[PDB]
Amino acid sequence: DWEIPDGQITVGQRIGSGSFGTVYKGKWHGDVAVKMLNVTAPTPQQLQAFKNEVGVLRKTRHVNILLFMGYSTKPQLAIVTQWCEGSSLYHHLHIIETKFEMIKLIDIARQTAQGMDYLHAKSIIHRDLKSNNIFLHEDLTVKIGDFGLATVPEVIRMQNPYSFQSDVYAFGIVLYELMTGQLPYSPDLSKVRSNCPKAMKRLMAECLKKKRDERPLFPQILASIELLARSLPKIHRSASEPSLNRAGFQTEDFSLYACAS
Amino acid sequence: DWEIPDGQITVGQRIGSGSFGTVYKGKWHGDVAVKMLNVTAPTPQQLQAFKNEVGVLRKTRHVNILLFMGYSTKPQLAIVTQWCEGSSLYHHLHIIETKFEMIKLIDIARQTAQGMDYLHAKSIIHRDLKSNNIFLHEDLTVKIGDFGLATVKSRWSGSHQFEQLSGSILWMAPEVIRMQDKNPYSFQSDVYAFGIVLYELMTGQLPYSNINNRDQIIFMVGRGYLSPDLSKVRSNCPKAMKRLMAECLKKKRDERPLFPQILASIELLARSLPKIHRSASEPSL
Amino acid sequence: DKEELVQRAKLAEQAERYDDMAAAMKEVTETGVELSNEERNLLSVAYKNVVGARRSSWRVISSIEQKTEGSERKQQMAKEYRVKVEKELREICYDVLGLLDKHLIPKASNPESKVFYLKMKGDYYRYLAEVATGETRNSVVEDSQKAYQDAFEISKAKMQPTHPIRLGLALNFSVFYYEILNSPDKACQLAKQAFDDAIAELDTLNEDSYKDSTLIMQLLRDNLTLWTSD
Amino acid sequence: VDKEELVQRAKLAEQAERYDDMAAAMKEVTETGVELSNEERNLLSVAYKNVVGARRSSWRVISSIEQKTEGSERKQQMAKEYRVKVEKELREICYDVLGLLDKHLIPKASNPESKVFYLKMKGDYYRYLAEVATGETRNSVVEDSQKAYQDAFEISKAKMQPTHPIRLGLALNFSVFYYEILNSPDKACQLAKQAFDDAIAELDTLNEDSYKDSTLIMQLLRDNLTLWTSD
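Here is the structure:
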């Protein structure tokens with residue numbers, strides 16, 4: 157029902173061309189991005205690829221998922237995503253190589269393992285996750301996006317060779333990349349970190365294994381990282397009872413979600 | 059179909075249970091909020107209220123609107139919204155008294171219009187808009203919620219009154235005073251509540267300041283003796299934004315402009331002022 | 011006279027000149043008022059800022075004197091300046107301390123308020139106890155806890171186990187034992203006995219306003235991790 | 008050496024962030040002021056810029072509140088009575104600065120780079136005294152600064168680089184004079200645009216650190232100009 161009529165999308169500047177298709181910097185009710193397919197002759201696979209792909213994205217509505225806005229095919233076939241105000245994660249660690257802080261460098265690794273847990277709850281196979289499409293709105297939250305080939309070592313052996321447990325072999329390579337900042341090629345022994353954790357050395361090692369059957373399920377990767385958050389120290393000095401914010405307002409401010417008198 | 063099976067959501071702390079909003083805290087897949095029913099038995103008004111509000115939050119997918127995540131029905135009727143950290147706009151104005159720049163006074167005023175047309179392009183009447191149902195996400199981008207009276211285009215299903223008891227006296231249409239058999243809520247009756255926000259946003263004051271009670275207010279809304287005195291404007295209100303609010307909160311209910319116009323005017327103020335009113339000096343090293 | 015005298019410092023509150031803010035608040039206290047919660051809060055933001063401006067300069071001056079091992083002239087150049095802040099810092103607190111004990115603590119009647127100054131009473135003693143040396147150090151450290159324990163005992167007869175003065179006393183209580191007395195074994199005992207006393211509460215209701223109290227509660231769990239990392 | 012002990016006591020009082028006990032001990036190198044070198048010259052500038060810089064920033068908030076009269080209360084005269092309490096030590100914190108300039112620093116400075124520096128700072132503390140003046144003092148102190156600015160120009164127009172940051176900062180500073188003192192943006196726009204274009208031209212051979220801070224004020228000339236073309 158998210159068909160919007162033809163002649164609505166003020167399209168813009170081309171962002172990259174390649175195997176995925178093409179991307180413009182559109183503008184419909186604020187700036188959006190559009191995953192456009194430049195072709196006009198509809199190949200019979202994309203008669204079938206498009207109708208299932210929007211069947212994926214029609215259900216995912218969550219913070220860490222890049223919010224699906226719209227789609228159209230009547231002048232040309234494309235989909236309308238959201239427009240994150242920031243670079244990718246491939247951008248942060250390889251292109252411009254921005255150094256980060258350890259109390260937050262794993263707090264994006266909570267929030268990429270947080271958001272993909274919403275995918276498997278809706279039983280959705282990502283099948284193509286790398287660092288190159290991990291987006292960072294305002295450098296605070298982390299959005300997951302551009303999961304086109306996503307059907308609602310088996311890849312490098314061709315033994316469908318995909319399940320829930322088939323991306324977590326790659327999901328270790330995401331969190332490995334945060335630690336050392338250099339892509340491999342068994343990336344384990346290079347793991348000299350600044351705070352130098354042990355459970356992160358464990359949980360990196362307990363995902364990238366060869367025996368494909370014994371890979372850990374996902375809601376014990378959310379829960380075994382939120383445990384690791386509380387033992388990495390937030391402050392570097394003691395604190396006191398601060399200068400109190402006596403202003404007359406002290407309640408919890410519920411009035412977004414209800415009325416007020 | 060996001061009917062949420064029972065047991066997934068984990069309710070935590072309470073936040074507020076006042077005028078029918080029994081909001082709570084959750085923890086499913088990052089922190090979420092949950093509004094539940096107060097009484098255990100939904101009356102025919104409660105079940106009808108849930109059976110439209112689960113549909114009106116189905117239909118909205120835009121960043122500057124409050125997200126929607128699910129709904130549960132087995133233990134009690136719950137609505138799984140998002141959880142926006144930050145503070146309301148009304149708390150930012152007349153409680154913490156933050157001195158707002160006039161640059162970020164319109165990027166609040168733009169993104170409450172650049173996102174509210176998504177309720178109007180998808181044709182929703184935000185029936186009860188107030189100045190405190192707007193909310194900021196870490197004080198830079200805005201989010202609007204409180205769809206508790208949200209209606210869709212209802213020429214096919216008739217509705218009764220179900221109104222005239224709210225705290226929205228300081229933003230109340232004269233059509234709301236009339237309460238006709240034709241439903242006084244409309245697109246044209248929606249910009250007036252948008253207008254009295256913009257007056258209360260720009261001048262930094264409380265609207266209808268000289269008011270002891272609602273005795274003199276409601277007599278003179280639809281009669282023509284009470285008016286928002288926008289001539290008490292701030293020191294730096296540019297001439298476009300000074301002039302649209304004149305025609306915005308019109309008494310003539312059809313004279314008020316359309317909503318893609320009131321985005322199209324404020325998008326012309328891009329090149330207005332780069333810096334603050336204070337002209338800078340040499341820097342200190 | 012009286013109400014306009016409050017208005018003088020309240021005008022200076024947003025004016026960000028805290029020295030005249032502090033001097034106006036002590037001047038109304040000469041009359042016997044049993045001052046309300048619109049006035050007694052103003053001294054805590056004042057006197058923590060008059061002290062903290064000196065104290066945040068103490069923490070870098072005592073740093074920078076140890077940051078060099080060179081000439082004794084430039085070394086003694088630091089120590090002559092490190093006492094100018096130190097001689098300044100003590101004379102501020104006795105203005106507070108000599109105010110509150112002479113009349114205000116005996117006028118601190120109600121135990122929803124009498125606990126509040128007793129928090130602030132020994133707290134400035136700790137501020138002196140960070141810097142005071144020799145046998146002067148031991149004579150206020152034993153006076154800190156003596157001025158702390160007779161407030162924490164009123165927290166047993168206090169009203170609510172989630173009340174933010176009862177939280178902030180414990181947050182000030184536990185931060186003493188690690189920093190000054192250097193007793194890390196009793197450090198995490200006070201926080202655990204105060205956090206888990208509170209998290210087992212707040213189950214039925216928080217109809218009283220409590221967003222001020224939850225940020226204290228995050229502070230308790232925050233600094234506990236470095237206290238337990240050793 | 009009596010000089011270096013007087014600068015070490017004032018090189019850490021800003022590192023400890025207490026400027027008032029540095030301003031009262033940075034001026035003491037002028038009492039034996041044979042030659043101020045540039046490496047301790049600007050140490051005096053950072054001090055006095057920040058000492059009055061708290062007060063005038065405190066001054067603007069009080070004037071913003073007193074004209075927020077809320078009708079006219081029977082209390083805001085105390086806000087005006089408190090208003091004078093800032094102005095009293097506003098006049099007493101500047102008089103030494105301009106006072107110690109013409110006695111010592113100006114009639115010893117052999118380089119013109121120093122001469123434009125001290126005369127600019129001579130002109131500046133009348134400007135911060137211009138807005139507080141409010142009367143016939145307003146129409147007496149600003150011409151003192153005007154000729155102090157006008158004496159500052161000839162040593163900078165000739166006898167200085169086209170891209171020297173003191174000269175670029177001077178017209179940057181003097182542009183702010185004309186609007187909130189003499190009420191003429193047409194002088195202000197026409198004074199700013201020239202040196203704006205004169206230094207963007209021939210950005211060739213300068214080293215980047217001189218390019219660094221000068222772009223930090225050349226872009227400050229842009230956001231100053233755009234307030235002026237808007238009115």
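Residue numbers (my numbering), protein chains in the order written: chain E, 157 to 417; chain A, 59 to 343; chain U, 11 to 240; chain D, 8 to 238.
In this text, a Cβ means the ideal position worked out from N, Cα and C, and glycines have one as well.
Just grab the DSSP bridge partners of residue i for me.
| i | result |
| --- | --- |
| residue 353 of chain A | The structure shown does not extend to residue 353 of chain A, since chain A is modelled only from 59 to 343, so the question has no answer here. |
| A:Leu194 | A:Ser145, A:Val200 |
| A:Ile123 | A:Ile202 |
| U:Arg27 | Answer is none; U:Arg27 lacks a bridge partner. |
| E:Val236 | E:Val190, E:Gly226 |
| E:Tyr180 | E:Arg170, E:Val190 |
| E:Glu159 | E:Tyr227 |
Can residue i and residue j be called in contact, C-beta distance under 8 Å?
| i | j | result |
| --- | --- | --- |
| A:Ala208 | A:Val114 | yes |
| E:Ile160 | E:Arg266 | no |
| D:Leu112 | D:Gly176 | no |
| U:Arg92 | U:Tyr137 | no |
| U:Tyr127 | U:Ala139 | no |
| E:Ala234 | E:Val190 | yes |
| E:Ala205 | A:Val81 | no |
| D:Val93 | D:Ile69 | yes |
| E:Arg386 | E:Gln321 | no |
Apart from the five residues just before and just after residue i, which ones in its own chain have a Cβ nearer than 7 Å to its Cβ?
| i | result |
| --- | --- |
| D:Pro192 | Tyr186, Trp235, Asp238 |
| A:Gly280 | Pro232, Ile235, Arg236 |
| U:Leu181 | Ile226, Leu229, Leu230 |
| A:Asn294 | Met160, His335 |
| A:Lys300 | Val291 |
| A:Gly144 | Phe193, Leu194, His195, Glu196, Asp197 |
| D:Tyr132 | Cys101, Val104, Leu105 |
Relative to the C-alpha of residue i, which residue among the options is closest?
| i | options | result |
| --- | --- | --- |
| A:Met230 | A:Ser267, A:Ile254, A:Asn241 | A:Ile254 |
| E:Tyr332 | E:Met360, E:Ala379, E:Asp162, E:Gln270 | E:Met360 |
| E:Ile280 | E:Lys255, E:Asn208, E:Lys390, E:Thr336 | E:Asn208 |
| U:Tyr220 | U:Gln170, U:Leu200, U:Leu234 | U:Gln170 |
| E:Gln338 | E:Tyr274, E:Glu253, E:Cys363, E:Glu362 | E:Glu253 |
| A:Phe205 | A:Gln238, A:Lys188, A:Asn268, A:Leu198 | A:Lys188 |
| D:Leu198 | D:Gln22, D:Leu13, D:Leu232 | D:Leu232 |
| D:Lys95 | D:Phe160, D:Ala140, D:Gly78, D:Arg48 | D:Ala140 |
| E:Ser417 | A:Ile166, A:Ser77, A:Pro133 | A:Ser77 |
| D:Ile188 | A:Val97, A:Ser337, A:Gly128 | A:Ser337 |
| A:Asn241 | A:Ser215, A:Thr261, A:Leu228 | A:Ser215 |
| A:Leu321 | E:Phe256, E:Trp184, E:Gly163 | E:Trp184 |
What in chain U is Cβ-close to residue i, meaning under 9 Å?
| i | result |
| --- | --- |
| E:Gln202 | Simply none; closest approach about 51 Å. |
| D:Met85 | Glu14, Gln17, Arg18, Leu21 |
| E:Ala395 | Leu181, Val185, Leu229, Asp232, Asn233 |
Give me, in chain order, the residues of the same chain whose beta-carbon lies closer than 8 Å to that of residue i; leave out the 5 immediate sequence neighbours on both sides.
| i | result |
| --- | --- |
| E:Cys240 | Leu222, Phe291, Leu292, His293, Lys299, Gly301 |
| U:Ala63 | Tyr28 |
Which chain E residues are close to residue i, counting only those with a beta carbon under 9 Å from its beta carbon?
| i | result |
| --- | --- |
| U:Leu215 | Going along chain E, no residue has its Cβ under 9 Å from U:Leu215, so there is no contact; the nearest lies around 12 Å. |
| U:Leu236 | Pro389, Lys390, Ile391, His392, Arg393, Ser394 |
| U:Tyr134 | Those within 9 Å of U:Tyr134 in chain E number zero; the least Cβ separation is about 12 Å. |
| U:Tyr220 | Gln406, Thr407, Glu408 |
So residue i contacts chain D; which residues on that side make the cut at Cβ distance below 7 Å?
| i | result |
| --- | --- |
| U:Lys84 | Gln15 |
In chain E, which residues lie with their C-beta within 7 Å of the C-beta of residue i?
| i | result |
| --- | --- |
| U:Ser165 | The contacting residues do not exist; U:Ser165 stays about 14 Å from chain E at best. |
Can you list, in chain order, the residues of its chain whose CB lies under 6 Å from that of residue i, leaving out five sequence neighbours each side?
| i | result |
| --- | --- |
| E:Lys215 | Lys278 |
| D:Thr37 | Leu107, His111 |
List the residues of chain A that residue i touches, going by C-beta distances under 8 Å, in chain order.
| i | result |
| --- | --- |
| U:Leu212 | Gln71 |
Taking C-beta pairs closer than 9 Å, name the residues in chain A that residue i reaches, listed in chain order.
| i | result |
| --- | --- |
| residue 421 of chain E | Within the shown structure, residues of chain E are numbered from 157 to 417, placing residue 421 of chain E beyond reach of any answer. |
Below 7 Å on C-beta distance, what does residue i contact in chain U?
| i | result |
| --- | --- |
| D:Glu24 | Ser67 |
Give me the chain A residues within the contact set of residue i, using Cβ-Cβ distance strictly less than 7 Å, ordered along the chain.
| i | result |
| --- | --- |
| D:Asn190 | Within chain A, no residue comes near D:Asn190; the closest Cβ sits about 13 Å away, beyond 7 Å. |
Under 9 Å Cβ-Cβ, which residues of chain D neighbour residue i?
| i | result |
| --- | --- |
| U:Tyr91 | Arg16, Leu19, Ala20, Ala23, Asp28 |
For the stretch 55-75 of chain U, enumerate the residues whose C-beta is nearer than 7 Å to any C-beta of chain C, in chain order. Looking for chain C here will not work: the only protein chains present are E, A, U and D.
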